[PDB]
């Protein structure tokens, strides 16, 4: 399809996204043989795949949730493995162990090594802003039915 996508279980990262950055990210790791988009930041959709497993929080399966997505090694922090990491906008759910699909709709920015967490946070806020606008255009492009996605303006 026109959206690059990957699927796989949400697994444990460094534990810093929510606690330290205020941007929790659902982490996926793939073998180096698996085709991925270029390291960078993307606007896209995260969907919990069809399942009978209970989901705790305000996300349910088979709905495309607006997400700001990073691909790479988190060079600001010097992490060892390449991850795909999805910050689901305006939601709060326990995704660990759930099988999810992540669709990459638009490239937003190159992956960058920032000197400080504070500088990184300022830029991530702007990535989220651009993600909202890009995803509203994508809704229109596919004439997506309201029940099939979740996308808000921020409070």
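Numbering follows the first chain given and starts at 1.
- Higher mean CA B-factor, judged across 33-41 and 66-74 from the recorded values: 33-41.
- Relative to one another, 128-136 and 12-20 have unequal mean CA B-factors, and 12-20 is the one with the higher figure.
- The top Cα temperature factor in the record, among 59, 88, 108, 117, falls on 117.
- Out of 122, 92, 103, 99, the entry records its largest CA B-factor for 122.
- When the modelled residues of the chain are ordered by C-alpha B-factor, residue 53 sits in the highest third.
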